[PDB]
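Considered here are two forms of the same protein chain, supplied as structure tokens in two stand-alone entries, structure 1 and structure 2.
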Structure 1
């Protein structure tokens, strides 16, 4: 319970806390959700402060002693060593200034322990404002989440689906359109469709990266770069690209757009929301396929964790959450004013969560559900042999006219094509039973 002195009086602070007065005031002002920044957001604030210190030292604006202490303190934060020194609520000042100052004060305290004295604002916040720092750390975290985590998780899910598409290439079954019996398909063809949806998901995430990776750093309070070196932005980005290996990080095309709006987060959420839509279709088909056994479709067996489809349920619930988060993101994105969008902490929480939920559930779905699915091959064939048939494959044998007559009589008397051919006395020199059965073969009808 130490006490610190702030322009407006006394501030008691826990003794093991590396944060100082400004952070403690923010803890007292925003008791709203009881949840603070995630590890990914803390890491990104650490990376940004170390890179800013590096560029300020390289330009001779910051004494190398101070730069070295900030860089060492920043590397600790970026490595997860201080994820308990960020107690400010998500629902804070809309610039994220409070979390920016939290990072400054924690760095000042880490450096004081190694014998170096830093001013949180004058030293740790040199060449930065309260308004270009938090959106930069947000876009670093979002870009890392897309590139290093989500894309590889979706590729894992793609690869599991594609492996089933190949394994089940000739597992014939009935098609269903409008939930009603349709012509044959293979379980492989269905899984090739699921695989494409996740591949298109990766294409969607890749397509947003040119704008998701844009950083505001260098634009300072209003986007003009006042009180920062002219090249601060390009220099800081180059340090971040070198340290993270994230080639997608880049200076904003327009320094005003990069602070007045967070449109890059709205765009990216759209890709995540499309993936949630894709995953809902895949998960719903899979739990329906596994339904029953007696009262359902009983086409496949899901691995057990009468098995409940618990991972399709976790996938569909994650999809619901990404759709809600996406609505919250767009609402904050639309409501900027003049030189600043002041919904950054809320937008950051929601997009980083959507990235995390999709990454974690996709790897789980891939490994613990898709990879272990077993097909009820004999049951599926019996469903295919109960699908409607067509007369087209008899044309070359009985002619367009007779085929048309078979098709009409089958519909009138509610008989199969096969039985109708037999009942009309059509077996003979122009069509053996062998030919009939080859022409109407359900696997051939699936065109696999």
Structure 2
């Protein structure tokens, strides 16, 4: 160990650690979860520190030689070379002060290995506060997770569902309402519904981006911008947009709202919770369709990871959706509980919304590639059941009457025969209608209004 210091005095730190006294106090203050910042959060903090140093350089506030050392150390952090140098718990001071200092101290220690002396606060934290930096890094990470990762994953799941919709366009089967047999549909129509739910999900994520991408940077301690250049925010956002290509990043509409609240994360979590609700419906329908092989619905076979495969990716999708619903409740609870100039639930809210992005992204790709793409339908079986259902006798009423239609339905179920065969067996052809009329009235694919 080695001795390091802060406005509170002297602290023993691991001899080899790149962090300093404030990070070490945080390590001892918050042994709560045993988990620290994720890769995406560290990347975002590195991106922001490099952008701040660039702007401080461009305004002549920071010596070119200091700004270059910060930019080089922050690039190393952003690329993942120092992840083991971020040991602070998620459950830390609610501004994320502790992780901001962690980034500053690590950058100063990297710079010192290259013979440049940087102060963690005076130079690395120049024109910045914890109050504006940790929420900015959080919104960068969330905007990147939405745009670069979740929307493409959802687009892959949409396309896999839409491909099934087309492949199964004529795969007629009984409709089910209240779990009870109903008039015919096609598997393709049901898959077109699932596809729409995922396309609407993408629309919900895109709708939240104008507020999710709002950055607090430039507001400093309380939103007033004191101790920062009047244009710090716009210059830093411009640098981040050029480095990331995330045109969704923008300066906050109101600098006070951007620090006093995290309502953009709450809004975005609502979109993710809606996607979780959609995925639960899609996954539950698929596992029920694949149920059996004898005593279940036996409509489709899921690919193995026969018709005896356990629906393991529907189970992973429904467990992920439950987690997103829980995370969403935690996010809203933190979002509501800000006071005055600062919401002090940022580390917990960041943990939850970034996890929800990650789980939905990863499970959506797995579901698309390793379940949806490989589903096979019991086509002839589905059609036979549709042709054997009491639900399709209604179009006979005007020819044979209500009472005889009911007797046809009862006999078809009892003898396990089609409606067409039961109408013929009861001797109804000729007096009431012809074979041509029967085949028109009982065409289950036409009843599904597909071609």
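Positions refer to the first chain, counted from 1. Residues that one form lacks are left out of the comparison. Here the rigid core means the biggest group of C-alpha atoms that line up within 1.5 Å when the two forms are laid on top of each other.
* **Of 26, 391, 380, 62, the one whose Cα moves 2 Å or more between structure 1 and structure 2 after core superposition** => Between the two forms, the residue that moves is 391.
* **residue 421 C-alpha moves between structure 1 and structure 2 by 2 Å or more, core aligned** => Yes, because once the rigid core is superposed, the C-alpha of residue 421 moves 2 Å or more between structure 1 and structure 2.
* **Post core alignment: residue 408 C-alpha displaced by 2 Å or more between structure 1 and structure 2** => Indeed, residue 408 is displaced by 2 Å or more.
* Asked: How many angstrom apart are the two C-alpha positions of residue 16 between structure 1 and structure 2, if you fit on the rigid core?
  -> Comparing between structure 1 and structure 2 after core fitting, residue 16 shifts 3.1 Å at its C-alpha.
* Per-residue Cα shift, residue 349, between structure 1 and structure 2 [Å; core superposed] -> Core-aligned C-alpha shift comes out at 0.1 Å.
* Just grab the Cα shift of residue 7 between structure 1 and structure 2 for me, core aligned, in angstrom. => Residue 7 C-alpha displacement between structure 1 and structure 2, core-aligned: 4.7 Å.
* Could you list, in sequence order, the stretches of three or more consecutive residues moving 2 angstroms or more at Cα between structure 1 and structure 2 on a rigid core superposition? => Only these runs move by 2 Å or more: 1-16, 386-432.
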